[PDB]
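Down below is the structure, laid out as structure tokens.
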Amino acid sequence: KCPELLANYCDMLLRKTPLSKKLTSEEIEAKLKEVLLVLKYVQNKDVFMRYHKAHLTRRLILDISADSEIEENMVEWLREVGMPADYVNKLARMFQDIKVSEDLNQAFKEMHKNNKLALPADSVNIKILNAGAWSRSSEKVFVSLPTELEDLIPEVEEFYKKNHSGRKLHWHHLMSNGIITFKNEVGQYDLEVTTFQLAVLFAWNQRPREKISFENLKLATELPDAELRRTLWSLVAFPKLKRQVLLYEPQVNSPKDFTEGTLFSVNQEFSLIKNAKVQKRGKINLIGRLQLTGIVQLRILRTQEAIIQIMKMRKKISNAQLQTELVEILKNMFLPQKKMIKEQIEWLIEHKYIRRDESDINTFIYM
Amino acid sequence: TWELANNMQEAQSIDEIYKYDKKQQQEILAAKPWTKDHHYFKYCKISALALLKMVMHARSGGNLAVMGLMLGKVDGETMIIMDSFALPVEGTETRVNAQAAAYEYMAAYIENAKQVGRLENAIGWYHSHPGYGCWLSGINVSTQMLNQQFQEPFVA
């Protein structure tokens, strides 16, 4: 089915994700409701849910949402249309964390305003979100941040420790964004870049334009090898760009791979001009749509007769007791998840092998 | 003298129940007394040998479940069972299905017993419940439905 493509339509309606500037009025929201109806009719909703979660994370972590009330009501609309409760709970937790992060940033700006840090207190924003819902990966990659940001992370860590002692903050450099100022001769144009792109651009800043090799860049940025190449793809193969900021590639080739020992160098007189006419006060966004962050059928047959065995052993049981006995029995086999047990639960009740008690919503009766 | 009665060859009604009155069995089968009232036979008498054979089959099954047949007759209001006969059935301790092996086994064993000199017929079946008391489940209830409604003399 369409799945992800349909999710793209949502990205074109709920917020200005990229080319979604075509917004007319609130009636489009009604059209979104129709899309929700499609989500009811179609199958394979896991991909759609994952795409929607990724789009929401990309929109919220960048503050590019066209509307706020529509985004808040989208959770209720999705819950009404029918979706797993885990996704709804994760969305609610993400929204609550985003709400709390505004107050945290305001408190940080209001309190730390005498140390002067490095940049002005009105130019640094801190957004701390819970890692149990807003993230899934747990891998840390060095970025070798510049000296300007080397005095801001410790201050944020100290403030978080003072206010909410008991939790550890693990900074995620992939989702961070910022604006840098260039001085490429004719026109000084602001550029929006992530942490890795900022490090790559600032590596060739301690000695004018000059020229550096791939090995030197890798040894300076200290990035995770192959991922560094991906960052280069953002600075050498920017789509719909008249002239890239880092207009170099040595032996041509392609930004995908085969970098080898290419000598990339920044173009001092690069023609990075908005509308190709006088880049006096231009601004270029280079982040783009990055948003960086036992076969099943033979295995599902294992647990159903296990549930039926638990039921045939004892007629009366509760939900918690059923879960405890099921996980007690199935330890020798694979470790059960939560989604599989739930799926088996309504597969059993839909086959009317068990009866849901009317007085008690959790009590089950064998047949 | 010390035991008084003793026993050379004499017996009583205790030894009399082990026989096969062909005319009596034929006439009770033809008359069909239990087909007219629901509250028929309430007394079931099973010999020792069948009991120990069932127990050994259940123990040899182990934590799993076993299943077999039984042989006997009916006499008036009472039911008589005096033989146990196991089956080569396999399955999980929560469900057992009689494959073609049991279907080819019961007939073969019945023919072998007839060749031996046995004259009784199938009377019912025994199933072992490993732990969950002694009560018929839904599938057991349906099977007993069909068995007692097609093969009127029966018992589980």
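Going by the structure tokens order, chains are called A, B, ..., each with residues numbered from 1, while ligands are numbered from 1 in the order shown.
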
| message | To test your reading of the structure, identify every residue in region 17-156 of chain B that backbone DSSP assigns to helix (DSSP H, G or I), and report it as number ranges by chain. | response | B: 22-31, 33-35, 48-61, 100-116, 138-150

| task | Would you list, as a list in words, the residues of region 16-188 of chain A that end up in strand (DSSP E) under DSSP run on this structure's backbone? | result | residues 177, 178, 179, 180 and 181 of chain A

Output N, CA, C and O atoms for every residue in that selection, as a PDB file, in the first residue's frame.
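Full text of part.pdb as output:
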```pdb
ATOM      1  N   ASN A 177      20.806  21.866  15.855  1.00  0.00           N
ATOM      2  CA  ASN A 177      20.875  22.751  14.702  1.00  0.00           C
ATOM      3  C   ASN A 177      21.348  24.126  15.152  1.00  0.00           C
ATOM      4  O   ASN A 177      21.246  24.486  16.327  1.00  0.00           O
ATOM      5  N   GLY A 178      21.868  24.895  14.200  1.00  0.00           N
ATOM      6  CA  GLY A 178      22.335  26.232  14.512  1.00  0.00           C
ATOM      7  C   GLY A 178      22.562  27.023  13.243  1.00  0.00           C
ATOM      8  O   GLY A 178      22.434  26.507  12.130  1.00  0.00           O
ATOM      9  N   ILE A 179      22.900  28.296  13.430  1.00  0.00           N
ATOM     10  CA  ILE A 179      23.128  29.229  12.333  1.00  0.00           C
ATOM     11  C   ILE A 179      24.535  29.792  12.461  1.00  0.00           C
ATOM     12  O   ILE A 179      24.922  30.273  13.532  1.00  0.00           O
ATOM     13  N   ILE A 180      25.295  29.732  11.371  1.00  0.00           N
ATOM     14  CA  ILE A 180      26.651  30.257  11.328  1.00  0.00           C
ATOM     15  C   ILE A 180      26.715  31.365  10.286  1.00  0.00           C
ATOM     16  O   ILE A 180      25.885  31.453   9.376  1.00  0.00           O
ATOM     17  N   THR A 181      27.722  32.223  10.427  1.00  0.00           N
ATOM     18  CA  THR A 181      27.915  33.369   9.547  1.00  0.00           C
ATOM     19  C   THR A 181      29.188  33.165   8.737  1.00  0.00           C
ATOM     20  O   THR A 181      30.254  32.904   9.305  1.00  0.00           O
TER      21      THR A 181
END
```

Residues of chain B within 12 Å of chain A, counting only C-alpha atoms, as an mmCIF file with N, CA, C and O atoms, in the first residue's frame:
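Output below, filename selection_20.cif:
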```
data_model
loop_
_atom_site.group_PDB
_atom_site.id
_atom_site.type_symbol
_atom_site.label_atom_id
_atom_site.label_comp_id
_atom_site.auth_asym_id
_atom_site.auth_seq_id
_atom_site.Cartn_x
_atom_site.Cartn_y
_atom_site.Cartn_z
ATOM 1 N N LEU B 64 3.012 -35.233 30.088
ATOM 2 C CA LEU B 64 2.158 -35.048 28.923
ATOM 3 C C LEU B 64 0.820 -35.748 29.165
ATOM 4 O O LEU B 64 0.500 -36.162 30.282
ATOM 5 N N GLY B 91 0.949 -35.733 21.808
ATOM 6 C CA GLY B 91 0.528 -34.348 21.770
ATOM 7 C C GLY B 91 0.941 -33.616 23.023
ATOM 8 O O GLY B 91 1.451 -34.197 23.981
ATOM 9 N N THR B 92 0.701 -32.308 22.999
ATOM 10 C CA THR B 92 0.989 -31.440 24.125
ATOM 11 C C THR B 92 0.085 -31.805 25.305
ATOM 12 O O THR B 92 -1.009 -32.348 25.139
ATOM 13 N N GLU B 93 0.566 -31.519 26.516
ATOM 14 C CA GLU B 93 -0.171 -31.844 27.732
ATOM 15 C C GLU B 93 -1.485 -31.083 27.867
ATOM 16 O O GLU B 93 -2.188 -31.281 28.864
ATOM 17 N N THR B 94 -1.837 -30.225 26.908
ATOM 18 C CA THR B 94 -3.106 -29.515 26.935
ATOM 19 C C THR B 94 -4.051 -29.917 25.812
ATOM 20 O O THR B 94 -5.198 -29.453 25.800
ATOM 21 N N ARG B 95 -3.616 -30.767 24.882
ATOM 22 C CA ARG B 95 -4.459 -31.200 23.777
ATOM 23 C C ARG B 95 -3.828 -32.405 23.094
ATOM 24 O O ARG B 95 -2.608 -32.463 22.913
ATOM 25 N N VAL B 96 -4.666 -33.377 22.745
ATOM 26 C CA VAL B 96 -4.234 -34.590 22.062
ATOM 27 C C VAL B 96 -5.239 -34.911 20.967
ATOM 28 O O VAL B 96 -6.452 -34.897 21.200
ATOM 29 N N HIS B 129 -5.805 -36.162 32.596
ATOM 30 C CA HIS B 129 -5.692 -34.722 32.784
ATOM 31 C C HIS B 129 -4.524 -34.438 33.715
ATOM 32 O O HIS B 129 -4.638 -34.671 34.929
ATOM 33 N N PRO B 130 -3.394 -33.942 33.212
ATOM 34 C CA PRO B 130 -2.206 -33.723 34.068
ATOM 35 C C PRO B 130 -2.281 -32.457 34.920
ATOM 36 O O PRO B 130 -1.668 -31.427 34.646
ATOM 37 N N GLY B 131 -3.061 -32.532 35.995
ATOM 38 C CA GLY B 131 -3.076 -31.463 36.973
ATOM 39 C C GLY B 131 -4.398 -30.745 37.158
ATOM 40 O O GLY B 131 -4.770 -30.424 38.290
ATOM 41 N N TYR B 132 -5.118 -30.483 36.069
ATOM 42 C CA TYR B 132 -6.327 -29.662 36.140
ATOM 43 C C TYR B 132 -7.554 -30.515 36.471
ATOM 44 O O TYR B 132 -8.510 -30.615 35.704
ATOM 45 N N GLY B 133 -7.503 -31.135 37.649
ATOM 46 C CA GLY B 133 -8.627 -31.852 38.219
ATOM 47 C C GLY B 133 -9.148 -32.952 37.314
ATOM 48 O O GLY B 133 -8.411 -33.576 36.543
ATOM 49 N N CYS B 134 -10.458 -33.191 37.410
ATOM 50 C CA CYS B 134 -11.146 -34.190 36.589
ATOM 51 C C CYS B 134 -12.485 -33.591 36.161
ATOM 52 O O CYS B 134 -13.488 -33.718 36.866
ATOM 53 N N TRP B 135 -12.492 -32.936 35.001
ATOM 54 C CA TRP B 135 -13.709 -32.348 34.463
ATOM 55 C C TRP B 135 -13.612 -32.309 32.946
ATOM 56 O O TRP B 135 -12.543 -32.041 32.392
ATOM 57 N N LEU B 136 -14.733 -32.576 32.285
ATOM 58 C CA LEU B 136 -14.763 -32.564 30.829
ATOM 59 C C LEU B 136 -14.716 -31.134 30.303
ATOM 60 O O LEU B 136 -15.438 -30.254 30.781
ATOM 61 N N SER B 137 -13.859 -30.906 29.312
ATOM 62 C CA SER B 137 -13.729 -29.600 28.687
ATOM 63 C C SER B 137 -14.791 -29.452 27.599
ATOM 64 O O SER B 137 -15.661 -30.310 27.432
ATOM 65 N N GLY B 138 -14.736 -28.350 26.849
ATOM 66 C CA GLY B 138 -15.723 -28.134 25.801
ATOM 67 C C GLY B 138 -15.624 -29.155 24.684
ATOM 68 O O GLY B 138 -16.633 -29.705 24.233
ATOM 69 N N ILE B 139 -14.401 -29.425 24.222
ATOM 70 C CA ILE B 139 -14.218 -30.409 23.161
ATOM 71 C C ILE B 139 -14.570 -31.804 23.661
ATOM 72 O O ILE B 139 -15.153 -32.611 22.926
#
```

| task | Extract, using only C-alpha atoms, all DNA, RNA and protein residues at most 8 Å from residue 142 (chain A), discarding same-chain residues fewer than 5 positions from it, and format them as a ChimeraX atom specification. | result | /A:222-224

| query | Near region 265-271 of chain A, counting only C-alpha atoms, which residues have an atom at most 9 Å away, once you skip same-chain residues fewer than 5 positions from it, shown as a list in words? | reply |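 My reading of the contact set: residues 183, 184, 185, 186, 187, 201, 204, 208, 209, 210, 211, 212, 213, 242, 243, 244, 245, 246, 247, 248, 249, 250, 276 and 279 of chain A.
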
| request: Would you kindly return, as a PyMOL selection string, each protein, DNA or RNA residue with an atom no farther than 7 Å from any atom of region 119-121 of chain B, considering only C-alpha atoms and excluding same-chain residues fewer than 4 positions away? | output: chain B and resi 71-73+114

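Put simply, CA of residue 291 (chain A) is 10.8 Å away from CA of residue 17 (chain A).
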
What's the 9 Å shell around region 24-34 of chain B, counting only C-alpha atoms, without same-chain residues fewer than 4 positions away, as a PDB file with N, CA, C and O atoms, in the first residue's frame?
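Heads up, here's the output in out.pdb:
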```pdb
ATOM      1  N   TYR B  20     -20.464 -64.164  29.489  1.00  0.00           N
ATOM      2  CA  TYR B  20     -21.087 -63.485  28.352  1.00  0.00           C
ATOM      3  C   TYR B  20     -22.361 -64.238  27.987  1.00  0.00           C
ATOM      4  O   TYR B  20     -22.317 -65.215  27.232  1.00  0.00           O
ATOM      5  N   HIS B  38     -33.918 -40.371  30.582  1.00  0.00           N
ATOM      6  CA  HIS B  38     -32.585 -39.785  30.672  1.00  0.00           C
ATOM      7  C   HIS B  38     -31.828 -40.270  31.903  1.00  0.00           C
ATOM      8  O   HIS B  38     -30.603 -40.427  31.849  1.00  0.00           O
ATOM      9  N   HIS B  39     -32.525 -40.510  33.013  1.00  0.00           N
ATOM     10  CA  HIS B  39     -31.869 -40.842  34.278  1.00  0.00           C
ATOM     11  C   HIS B  39     -31.676 -42.353  34.415  1.00  0.00           C
ATOM     12  O   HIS B  39     -32.102 -42.989  35.379  1.00  0.00           O
ATOM     13  N   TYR B  40     -31.014 -42.923  33.415  1.00  0.00           N
ATOM     14  CA  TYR B  40     -30.618 -44.323  33.436  1.00  0.00           C
ATOM     15  C   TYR B  40     -29.211 -44.419  34.031  1.00  0.00           C
ATOM     16  O   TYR B  40     -28.782 -43.513  34.750  1.00  0.00           O
ATOM     17  N   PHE B  41     -28.481 -45.500  33.722  1.00  0.00           N
ATOM     18  CA  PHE B  41     -27.419 -46.073  34.551  1.00  0.00           C
ATOM     19  C   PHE B  41     -26.660 -45.067  35.407  1.00  0.00           C
ATOM     20  O   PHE B  41     -26.129 -44.072  34.901  1.00  0.00           O
ATOM     21  N   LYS B  73     -19.253 -54.365  29.189  1.00  0.00           N
ATOM     22  CA  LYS B  73     -20.621 -54.713  28.836  1.00  0.00           C
ATOM     23  C   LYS B  73     -21.568 -53.876  29.692  1.00  0.00           C
ATOM     24  O   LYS B  73     -21.146 -53.089  30.547  1.00  0.00           O
ATOM     25  N   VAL B  74     -22.866 -54.051  29.467  1.00  0.00           N
ATOM     26  CA  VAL B  74     -23.896 -53.441  30.296  1.00  0.00           C
ATOM     27  C   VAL B  74     -24.814 -54.547  30.796  1.00  0.00           C
ATOM     28  O   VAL B  74     -25.071 -55.523  30.081  1.00  0.00           O
ATOM     29  N   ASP B  75     -25.268 -54.424  32.045  1.00  0.00           N
ATOM     30  CA  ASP B  75     -26.143 -55.429  32.654  1.00  0.00           C
ATOM     31  C   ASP B  75     -27.214 -54.679  33.443  1.00  0.00           C
ATOM     32  O   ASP B  75     -26.940 -54.097  34.498  1.00  0.00           O
ATOM     33  N   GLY B  76     -28.432 -54.686  32.910  1.00  0.00           N
ATOM     34  CA  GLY B  76     -29.534 -54.018  33.579  1.00  0.00           C
ATOM     35  C   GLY B  76     -29.248 -52.545  33.773  1.00  0.00           C
ATOM     36  O   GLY B  76     -28.936 -51.812  32.828  1.00  0.00           O
ATOM     37  N   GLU B  77     -29.359 -52.100  35.025  1.00  0.00           N
ATOM     38  CA  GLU B  77     -29.121 -50.697  35.341  1.00  0.00           C
ATOM     39  C   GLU B  77     -27.630 -50.391  35.473  1.00  0.00           C
ATOM     40  O   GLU B  77     -27.230 -49.225  35.381  1.00  0.00           O
ATOM     41  N   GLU B 152     -25.176 -45.194  21.612  1.00  0.00           N
ATOM     42  CA  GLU B 152     -25.915 -44.977  22.858  1.00  0.00           C
ATOM     43  C   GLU B 152     -25.249 -45.572  24.102  1.00  0.00           C
ATOM     44  O   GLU B 152     -25.095 -44.852  25.097  1.00  0.00           O
ATOM     45  N   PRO B 153     -24.834 -46.864  24.121  1.00  0.00           N
ATOM     46  CA  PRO B 153     -24.094 -47.365  25.291  1.00  0.00           C
ATOM     47  C   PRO B 153     -22.663 -46.852  25.282  1.00  0.00           C
ATOM     48  O   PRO B 153     -21.828 -47.310  24.495  1.00  0.00           O
TER      49      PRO B 153
END
```

Can you list, as an mmCIF file with N, CA, C and O atoms, in the first residue's frame, every protein, DNA or RNA residue that comes within 8 Å of region 316-330 of chain A when you count only C-alpha atoms, leaving out same-chain residues fewer than 3 positions away?
```cif
data_model
loop_
_atom_site.group_PDB
_atom_site.id
_atom_site.type_symbol
_atom_site.label_atom_id
_atom_site.label_comp_id
_atom_site.auth_asym_id
_atom_site.auth_seq_id
_atom_site.Cartn_x
_atom_site.Cartn_y
_atom_site.Cartn_z
ATOM 1 N N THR A 303 2.794 -19.369 21.095
ATOM 2 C CA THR A 303 2.222 -18.863 22.339
ATOM 3 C C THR A 303 0.721 -19.111 22.478
ATOM 4 O O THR A 303 0.207 -19.092 23.602
ATOM 5 N N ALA A 306 -0.059 -22.008 24.393
ATOM 6 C CA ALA A 306 0.391 -21.735 25.755
ATOM 7 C C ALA A 306 -0.684 -20.997 26.549
ATOM 8 O O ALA A 306 -0.964 -21.339 27.707
ATOM 9 N N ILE A 307 -1.307 -19.990 25.934
ATOM 10 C CA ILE A 307 -2.417 -19.300 26.590
ATOM 11 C C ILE A 307 -3.571 -20.266 26.829
ATOM 12 O O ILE A 307 -4.206 -20.255 27.892
ATOM 13 N N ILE A 310 -2.760 -22.403 29.801
ATOM 14 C CA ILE A 310 -3.000 -21.676 31.045
ATOM 15 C C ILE A 310 -4.490 -21.619 31.348
ATOM 16 O O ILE A 310 -4.908 -21.787 32.501
ATOM 17 N N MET A 311 -5.316 -21.398 30.323
ATOM 18 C CA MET A 311 -6.761 -21.361 30.512
ATOM 19 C C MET A 311 -7.346 -22.716 30.893
ATOM 20 O O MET A 311 -8.235 -22.772 31.749
ATOM 21 N N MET A 333 11.635 -20.536 25.967
ATOM 22 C CA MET A 333 11.609 -20.008 24.608
ATOM 23 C C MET A 333 12.021 -18.536 24.620
ATOM 24 O O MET A 333 12.543 -18.013 25.607
ATOM 25 N N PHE A 334 11.798 -17.858 23.496
ATOM 26 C CA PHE A 334 12.141 -16.448 23.365
ATOM 27 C C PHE A 334 11.423 -15.608 24.414
ATOM 28 O O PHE A 334 10.367 -15.984 24.928
ATOM 29 N N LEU A 335 12.014 -14.462 24.737
ATOM 30 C CA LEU A 335 11.406 -13.546 25.694
ATOM 31 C C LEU A 335 10.217 -12.845 25.047
ATOM 32 O O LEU A 335 10.392 -12.173 24.024
ATOM 33 N N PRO A 336 9.011 -12.973 25.594
ATOM 34 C CA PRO A 336 7.845 -12.344 24.964
ATOM 35 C C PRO A 336 7.906 -10.826 25.027
ATOM 36 O O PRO A 336 8.487 -10.237 25.941
ATOM 37 N N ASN A 362 -11.307 -6.989 33.704
ATOM 38 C CA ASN A 362 -10.058 -7.733 33.595
ATOM 39 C C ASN A 362 -10.227 -9.235 33.776
ATOM 40 O O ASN A 362 -9.393 -10.001 33.284
ATOM 41 N N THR A 363 -11.277 -9.672 34.466
ATOM 42 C CA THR A 363 -11.467 -11.092 34.726
ATOM 43 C C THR A 363 -11.858 -11.829 33.449
ATOM 44 O O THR A 363 -12.713 -11.373 32.685
ATOM 45 N N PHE A 364 -11.223 -12.976 33.219
ATOM 46 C CA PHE A 364 -11.504 -13.828 32.075
ATOM 47 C C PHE A 364 -12.090 -15.155 32.543
ATOM 48 O O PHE A 364 -11.805 -15.623 33.650
ATOM 49 N N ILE A 365 -12.915 -15.759 31.690
ATOM 50 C CA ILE A 365 -13.532 -17.050 31.970
ATOM 51 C C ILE A 365 -13.236 -17.982 30.804
ATOM 52 O O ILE A 365 -13.348 -17.581 29.640
ATOM 53 N N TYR A 366 -12.845 -19.216 31.110
ATOM 54 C CA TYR A 366 -12.563 -20.192 30.064
ATOM 55 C C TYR A 366 -13.856 -20.584 29.359
ATOM 56 O O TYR A 366 -14.731 -21.218 29.960
#
```

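Candidate residues A:220, A:252, A:241, A:298 were compared for distance to residue 275 (chain A), and the nearest is A:241, using only C-alpha atoms.
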
| Which of these residues is nearest to residue 84 (chain B), using only C-alpha atoms: B:2, B:110, B:7, B:23? |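 Looking at the shortest contact to residue 84 (chain B), the residue is B:110.
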
| message | One decimal, in Å: what's the spacing between CA of residue 150 (chain A) and CA of residue 60 (chain A)? | response |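 For CA of residue 150 (chain A) relative to CA of residue 60 (chain A), the distance reads 25.5 Å.
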
| query | By how many Å are CA of residue 97 (chain A) and CA of residue 112 (chain A) apart? | reply |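 Separation of CA of residue 97 (chain A) and CA of residue 112 (chain A): 21.7 Å.
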